[PDB]
Structures are given as structure tokens and as C-alpha cells.
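In C-alpha cells, one chain follows: the form deposited in one PDB entry.
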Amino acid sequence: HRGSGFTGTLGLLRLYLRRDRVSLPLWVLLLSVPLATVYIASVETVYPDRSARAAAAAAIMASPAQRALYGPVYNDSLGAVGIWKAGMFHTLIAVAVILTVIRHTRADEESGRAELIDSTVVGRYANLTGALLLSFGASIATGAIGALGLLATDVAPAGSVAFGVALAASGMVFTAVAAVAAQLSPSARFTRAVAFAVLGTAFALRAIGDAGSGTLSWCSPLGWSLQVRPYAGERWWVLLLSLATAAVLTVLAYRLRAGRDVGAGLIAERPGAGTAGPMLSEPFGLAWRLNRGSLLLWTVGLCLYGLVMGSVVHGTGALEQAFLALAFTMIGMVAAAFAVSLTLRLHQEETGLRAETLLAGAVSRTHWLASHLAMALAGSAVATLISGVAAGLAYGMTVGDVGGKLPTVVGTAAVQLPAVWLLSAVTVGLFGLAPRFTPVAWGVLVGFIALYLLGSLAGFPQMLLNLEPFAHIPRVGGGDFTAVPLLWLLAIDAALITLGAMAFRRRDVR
């Protein structure tokens, strides 16, 4: 007696909570503490006289390129100008909550834990409710900590609360999206791709709306957070929108669950072919077969992003250079994440007992490793170069000539490759020395990104900002091109790769 579909929710929640106890506090603090200690703290040094701050605002509203990345500035108050740069924090929290929800809902359910858990006295909706409670709690805690940190500074206290609540709502909207996406396919990667396509589309719509009239920025959950307008006249009712979209979607994520069976999705499966083709006869063919969809989807997404970013560059060549070099660094980071995932394909292959099946044949350990390494090194390069070509074409058309604006934008994209491949090198080095600690390449990449963002803005010495690759990339166009750091970033990569290879041939595949 006394049983419902939500039984076991608290137990599942606590055993999800203790699984990531070194990851959740780290990013919860990372997305909230550097709001009053970095962004607002470093605005009385860069922009002291208020007469100067106003000038900075007049340099943002007169350039669609800068307000496509970050958004518009509506007045010259200390809070608004200080927190303009931190409008990128509404996307990182969405990434974090999407990853958490998928990790705790569908990744486990694909490993057979659903059978073991649900064979007990654990309800049907306990697994979903536990992950939703964890993500909602994390996204509320980060907003609360950010608001509490901002309330101790000398900015207006209403805008601080508005920004905290907006940051919380931005992460609550994209938890229901992750749940609905998780109710769709038996494969976790397909669900992650579906969830991230929505975020990419929202960001693109937001950027196109910001860089123009502003009508198109009302059709995306990102860009519902900037129109709360903290420090510039708060529109409180906008949060209600972020409260409806989250409530309407999270109901659907339950209605899609009361009609699937543990393990399946929404569409049944289809028969394949009863014979392998002349391409699937090798580790290279097998690795290609497993990554076709990922390669195509990443390539299409990066091409569209480059096409979007190239149109706003020209609504004086000393500012388009600075904006292209700043916009392609983000593409470099995204391609680095692509490379890290394509290389973690290897750890996921070994930990799934499928590496010993392949290695018990006439396959060597280096020919197997250099079949995922060769895909990680090539797919990221192809995607980055295609994005650069698309950006060059879009920029060239809107100016008047293409042959004078394409090569420079292609070079700008092609000089990011040594920094992109360093994370593949790091992952390969970790897989071969400490295979269990392979997935800390994600932490290394997040640390590099955090250092790049919060480096020369909190006053760190210029010998501590040299511990990252994204700051050493040269500047193509005019002078300032050296090509020496690239030679220092390629060599490192090779060394690391070699190390990993040499540490894999003398090991146990256990």
C-alpha cells in the first residue's frame, strides 16, 4: 500500500548527487563566483570616469559585430557596462544542465542500470525526477550564489537580483529541453546532438536579432534573458515566459515517458544489410562507420555558425581584424571539444569490452589507436576549414570582393589547428598512462577556457596566462605574424601523441 510512480526519488537523487561530487561544486562555483570578483571588479580600472564609460557604450551600439556575441548595452551605468561582458554565462549554464540531465537519465539507462534499478521498489518517474531535481537545484544554486556575490559590490541591488534570477531561469529552461530530448532515442549521443541543436539554433537567432532590429531575438530562450534588462530598467514579467516554456516542456517529458518501455525510444528499429560492404573490413572502415553522423552534424553546425558570423562583420580594417580573430577563437574551442569527444570514442571502446575483441586479431595496438586518432585529427580540421571558407564567402559578398577577403579568413581559421589538436594529444597521452582518468580531458579543456576568459581581466601575471594554447595563436593580416608559436604547438602535440602510443604498447588490456 501507499505507492505511486515517484517512489525512490530521494534515494536516486542522493546516489546521483554523490556520483558527481567533485564536478558539480566546481562548475557551480565557476559559473557564479567570477561575476563580482572579476567582471564587476575590473570595471573601475578599465573604465573609471563615467564620461569614459558612456563612450564605451557608444562604441557597442555602433557595431553589430560586438553586440552579436554579447548583446546590446542600454545605458552607461557601472553595472550595465560591467556585466555586458558576462552575457555569455547564459549559454555555459545551458551546456552544463543539458550534459548533466543526459548523463544521469539516458547514459545510465543505455548501460543496463535501468533494469536493475526498476526491478526494485523504485517508481517509473523516479529516475527522471531525480535528474530534474538535481539540475534545477544546481541551476538555482548558481544563480543564488551569483546574486549574493553581486549584492556585496557597489552596483544597484535590484539589477543584481534580476541577473541572478535570469541566470537561474536560463538554466531551468534548458533542463526540460534535455529531458524531452532524452525521451527520444535509445542512443545517448543522438539525444545530446538533438539537445544541442536547439541551443545552437537559439544562439544563432539571438545573434541575428541582436545585430539588427531586435525583433528576431524574441524567438529564443537565450535573448529572453537579456530583455530582463538588469541595471537598465528591469522587465520582470519576461521571467514568466521562461517559467512557462519550462513548465510546458517538462510536462511533455513525462507524457513521452508514460508510453515507452525501459530501453526503447519513440521509433522502432529497421532491418539493415546481411552482408558487409567493401568499406567495412578494417578498423579504419569501422571507425568511419561509427562517426559519419557526428562528422556531418558538426560540419553543418560549424558551417552555419561561420556563415552567421561572417555577415555581421561589416554591418576601418582595424576592427574587422580584431573581431574575426576573436570570433574564430570560439570556433577553435568548439572544434577542440569535437576532437576531445572523437578521441574519447577510444576510452568508451575499451571500457565496453569491445577492444579485446578487435585486438584478438591481426590488428596492432597502433593501427587500432591511429584509427580514432586519425578521425579526430581530420574531422575537426575539415569542420574548421569549412567554417572559415563559409565565413570568408559571407564576408566577401557583403563587402564587394571575394578574392581579397577569402584567403585571410581561411588563414585565420587554419591557424587555430595547433591549439585544437593539443587536446586530442592530451587525451591520447592520458589513454595509455592512466586509462581510468581519461575523461579529465574535459576538465583540462574547461580549465583552459576559464583561464582564457578570466585571465587578463583579473590581473594574473603574464607567465600564468602562458599555460594555455588559445592565447599564443598569431594574427593573420598585415604584420604581427610570426609562425613561431605554431611550431611550438605542433611539436608538443607530436610528443604527447608519441608518449601515449609508446605507453599503450606496454600495458595490459584488462
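Sequential numbering from 1, following the sequence displayed.
This next part talks about the form deposited in another entry, which is not shown.
Of the candidates 237, 267, 62, 404, which marks the hinge of the rigid-body movement between the shown form and the other one?
Where the C-alphas swap which rigid part they fit better, we find 267.
Against the shown form, C-alpha atoms of residue 190 and residue 271 in the other entry: closer or farther, for a change of 3 Å or more?
Compared with the form shown here, the C-alpha atoms of residue 190 and residue 271 sit closer together in the other entry, by 3 Å or more.
Over in the other structure, so in the other entry, do residue 300 and residue 88 pull closer or drift farther apart at the C-alpha level? The difference is 3 angstroms or more.
Between the C-alphas of residue 88 and residue 300, the gap narrows in the other entry (3 Å or more compared with this form).
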